[PDB]
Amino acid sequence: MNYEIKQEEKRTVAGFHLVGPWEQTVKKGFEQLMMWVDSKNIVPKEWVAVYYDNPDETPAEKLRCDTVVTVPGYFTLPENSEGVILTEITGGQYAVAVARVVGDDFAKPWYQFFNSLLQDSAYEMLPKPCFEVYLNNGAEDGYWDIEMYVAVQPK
């Protein structure tokens, strides 16, 4: 599928870090995230899932992912925010792709993106976590539009 390279600034993110199979942790993490966001009246810039491992190579028990919201760099963590991490997603060049998910196959767009990026004659993927921004609320629209980011550098 299609994509283009963009120069991104770093992102300050707040939320939860989870270890284990994504079939359970991703959903779990976002549930905790929504409860926290609502309780603190936080206004997120983005709802994001960050992936640190390849699920076809790293054992499921060791998989890591973050379910967080992108906030301003000057964000002050609200009082009584136990268990919440506050860290950064680095800036740099990222290949960016947009896709629509109808159903529960959220892995499909990622596979399509990686296969297409592997054929790029000008850029190569870097050993950095990849992430996706959930553009809309699919729990209400019936479909999820996602924006995938994969770190790259010139070949």
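In case it trips you up, residue 1 is the first one in the sequence shown, and so on.
Asks: If you take the mean CA temperature factor per stretch, which one wins between 56-64 and 103-111?
Replies: The recorded data point to 103-111.
Asks: Quick one: higher average CA temperature factor, 83-91 or 38-46?
Replies: In the deposited entry, the stretch with the higher C-alpha B-factor mean is 38-46.
Asks: Whose CA atom has the top B-factor in the entry, of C130, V69, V96, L118?
Replies: In the PDB entry, the greatest C-alpha B-factor among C130, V69, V96, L118 is found at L118.
Asks: Could you tell me which third, lowest, middle or highest, the C-alpha B-factor of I146 occupies within its chain?
Replies: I146: CA B-factor falls in the lowest third of its chain.
Asks: Within this chain, which third does the Cα B-factor at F30 fall in: lowest, middle or highest?
Replies: For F30, the deposited C-alpha B-factor lands in the middle third.
Asks: Within this chain, which third does the Cα B-factor at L18 fall in: lowest, middle or highest?
Replies: For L18, the deposited C-alpha B-factor lands in the middle third.
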